[PDB]
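Here the protein sequences come in this chain order: X and H. If you read the first sequence in the authors' numbering, its first letter stands for residue 1, the second for the next number, and so on. If you read the second sequence in the authors' numbering, its first letter stands for residue 1, the second for the next number, and so on. We put the beta carbon where it would ideally sit given N, CA and C, even for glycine.
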Amino acid sequence: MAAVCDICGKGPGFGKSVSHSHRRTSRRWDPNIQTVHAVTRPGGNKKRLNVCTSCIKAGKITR
Amino acid sequence: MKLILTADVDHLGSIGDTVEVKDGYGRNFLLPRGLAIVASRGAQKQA
RNA sequence: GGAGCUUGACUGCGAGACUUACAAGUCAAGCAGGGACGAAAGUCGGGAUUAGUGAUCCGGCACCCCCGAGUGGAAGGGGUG
RNA sequence: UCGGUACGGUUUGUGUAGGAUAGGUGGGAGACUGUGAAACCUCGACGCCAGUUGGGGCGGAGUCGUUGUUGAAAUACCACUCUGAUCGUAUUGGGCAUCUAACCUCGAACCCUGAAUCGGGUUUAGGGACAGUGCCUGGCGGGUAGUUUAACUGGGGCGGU
RNA sequence: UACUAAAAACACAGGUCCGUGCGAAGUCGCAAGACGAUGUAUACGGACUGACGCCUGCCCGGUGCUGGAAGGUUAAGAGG
RNA sequence: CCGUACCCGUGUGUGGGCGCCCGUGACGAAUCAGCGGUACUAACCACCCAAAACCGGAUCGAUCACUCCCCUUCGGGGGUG
RNA sequence: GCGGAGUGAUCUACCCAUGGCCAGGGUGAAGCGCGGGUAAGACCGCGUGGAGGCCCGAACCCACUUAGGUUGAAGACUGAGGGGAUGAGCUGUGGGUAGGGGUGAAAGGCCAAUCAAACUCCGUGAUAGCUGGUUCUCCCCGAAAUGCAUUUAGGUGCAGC
RNA sequence: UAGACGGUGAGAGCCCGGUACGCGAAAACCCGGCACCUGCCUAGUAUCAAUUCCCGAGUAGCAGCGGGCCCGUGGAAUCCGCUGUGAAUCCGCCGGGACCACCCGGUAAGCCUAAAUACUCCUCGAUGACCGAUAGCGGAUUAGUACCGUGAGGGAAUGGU
RNA sequence: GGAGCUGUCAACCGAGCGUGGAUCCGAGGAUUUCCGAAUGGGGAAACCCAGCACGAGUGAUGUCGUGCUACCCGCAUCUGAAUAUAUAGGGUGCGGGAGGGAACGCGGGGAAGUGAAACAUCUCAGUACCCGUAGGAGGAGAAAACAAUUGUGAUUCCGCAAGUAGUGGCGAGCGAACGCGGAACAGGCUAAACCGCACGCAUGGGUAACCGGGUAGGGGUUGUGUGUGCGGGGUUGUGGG
Numbered sequence: 001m002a003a004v005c006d007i008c009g010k011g012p013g014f015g016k017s018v019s020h021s022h023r024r025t026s027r028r029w030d031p032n033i034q035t036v037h038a039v040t041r042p043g044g045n046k047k048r049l050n051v052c053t054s055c056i057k058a059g060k061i062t063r
Numbered sequence: 001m002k003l004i005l006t007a008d009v010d011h012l013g014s015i016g017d018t019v020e021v022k023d024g025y026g027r028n029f030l031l032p033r034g035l036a037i038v039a040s041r042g043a044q045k046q047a
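In structure tokens, the structure reads:
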């Protein structure tokens, strides 16, 4: 559930995890993608849409 | 979220009264039903 | 060994030597300040001498406006113990 | 429901004080009684039954006050005065419960499949603001990964340095 | 154990113990999704032992598992 | 290749047979009106409940009200009607 | 020997689907039938029938002892003797599992003659306090194996010559 | 204005093919002149007041975990990404190395933008104090052939009458 | 262009052509089996088997020849279920894509060996390698930048500053900018307040001051606001609209 935001192109970040000893390793910062249904008009079909939370705050907000 | 209430709701009040929504009640309750609208320029339409 | 008074168990320097691969160690008469002792002349820059300790980096404490990213300040840094 | 915080708010514990049950007190020591009273009683608090306090008949009109015997008041107008307790009140969270509305449902039915047990959707039934998923953080962690694990040494090792 | 060792090793039947109430646990996978299983506690997975017969004693102190959460300690966050 | 077989497909016709159009064989409904199931059910009837309203017996009390005798401190009781 | 990206399950390890083979002999279980007994049974003696991770023994498949070969006829063989040989079997065809991973009746073996982490390439001209080699001549001069320090004594640094 | 190489029976300015030098384009094509074609514009400049409005929104900034910037989290600027909270429209905002004040510079969160620059599989021309067949790329010769390897891939030698 | 050719490897034969301009060299054009992104479907590539249409052929099936039919994305457009709108989907038609390409570039990903005489931090390196994705060059770009009062006024690239400042188990080692001097130098277009349209949603469905401002009348009619999109206007820092 870290798929690229369907309506933005927001992908995951890649980078390092600085441990106590400064030892670097590889990690990923997936965006907080939640599952919502897609509605284009009142009473819509409710398809599906993997969307970022910033758009849940403003944009393709259905339910 | 600031909405203009178009139908009476015990939680918020009378038609066009006010809004004190906890960011989501309207997103998935009011707006599907059409009980309120986005307070963009409806504040101008109403007053 | 015993006793009186005392803190030089100081500050700022230290020519000149030993020793040693280097770092490092050791000794230093003597000078200036100021002062304890001493009637004075004089001694004292810790223990009768040789062991009782540990380089570097980083960091902390007090003090000296030393610098202060436009400027005035500040932070931080710098210097001495 | 509870917590915590604050507010319009008040109040509370016998060495010795003994007609001021006060660790402490005052913009100063009368509000008031006659700007419809204390008190005798009661008992709500208090209640170890001391008497503060009023839940309440009174009395229908002061026991009192720097009367002093505490520390000087008989905290009565006044400043919120270690403010237990506590009215409710601004806030806040927790916990709990309920509810359906996001969300989940390899739970059912129908449909674009007359070629489908995948998938996607409509309606319905049921879970439920949980869980899961992203961020941050603590913890367990030879399952996995990179290296170390000293030297002298009458060979090495043990021993000892 | 081809290519030095076939055994006193291994393995099965049987016997115990532990886990799982079902898109199960476990495993493979980052996830999706599969196996397990078109099965489900008289089944399935894991560990030890190894027919049958007689038997399987004591100790929970250490180290692990499991249950509890009086109390202590205990990060981020809130608050500050 | 000689001799003898077999499956699918196309056609040429040969004759018989079927139906197609016509026809014909067979099959074959129920509405309208009378009667029964009482199924629903006005009115009405059987069981029992509140049997509504109202009347009545009993019951005590730290209730109240009218009266008997005893007590008093003057504020309540007692057996009772 | 590490790493990255790739290649391979035609030998071999294991499994799924589909076939064949397992000569010929031998012992002779359950079940059945007969007869005895018995109330009914337990039970006994015969016959049919024909099961077995059963026996003997060919092909097939394994590879136990010994002789031989051993710059072999052969990069693992042969001769002569051995074990299993209707079962956990052997075998062909077609298919899957692929590397810090697979598979494995587990031996740490097998994965194209090599496996305590396979092969080719790339980074790569890697690295190594160790070994080994460094090509023609002449002339002068001419060492040390000693001290100090070392995650050091088979090296290096300063000093000495 | 021809002595550049080369060939020709042994070393060529005048033997040859050639060079210098000067000619040479039906058809296609790149650049380029012209025409058509296409397309913008019935002026917003000057002045003044600033009561009104705008000047890039889930963005910036802030806090958290990181990258990268001489800059390894250190007092850590600016820039970038992720997650929660979440500004303003000129009396604003950002920056000027934590940071505050003053001063100064500039107005982010929309887009396009030639030149200077990097490289030569490949096509003409030219050079070379580069080899001359165990060298040059491995390939002057049946060359990425034969051959080795199931495969990824490895990868030869042979010139002279 | 010009008198000899029938290529070469390896060249012996045979048979022809050539002043009517051969052979040969350059351009354009047609044809161009089969495979391969491979595209009608399938597939051990270079094989197999089909559908539609036009046409050839047979007494008639067979057979043949030429075109067409992959998938996806976008555009136009019809129908637009499940349920009513309606949508997903489906259907028709029109454009584009995939794959190759020696090197170079951009964005994203990301080791070890080695060094540090061990070694994790660090380095080797943001390299090797990989993915995406173009171009002829790309990328970047027209200041919310530098300096700190001489002030400059888009970007890029070379050389200095310099192996300095500084950063680092302050070890191995890594490594700037300001500014100066050169090559080349061009900067232009949108959003928004507003104005006017189309459409969408309420109210007034006759009170709207709307219909070009205004003068004087007129109708009392869709005035007003608000959502989507089009068109004007404006695009700048001594702030401009």
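CA-to-CA, the gap between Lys45 of chain H and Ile15 of chain H works out to about 14 Å.
With at least 16 other beta carbons inside 10 angstroms of its own, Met1 of chain H counts as buried. Burial is judged here by how many other beta carbons sit within 10 angstroms of a residue's own beta carbon; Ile7 of chain X has fewer than 16 and is exposed. Annotation: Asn32 of chain X to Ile4 of chain H spans about 30 Å, alpha carbon to alpha carbon. Straight-line spacing of the CA atoms in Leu35 of chain H and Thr62 of chain X works out to 14 Å.
Relative to the Cα of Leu49 of chain X, the nearest Cα in the group X:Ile56, X:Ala58, X:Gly43, X:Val36 belongs to X:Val36. Taken through DSSP and simplified to helix, strand or coil, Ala39 of chain H comes out as coil.
Taking 8 Å as the CB threshold, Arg41 of chain H stays off the interface with chain X. Residue contact check for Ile61 of chain X against chain H: a CB pair falls below 8 Å. The three-state secondary structure of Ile4 of chain H, taken from DSSP, is strand.
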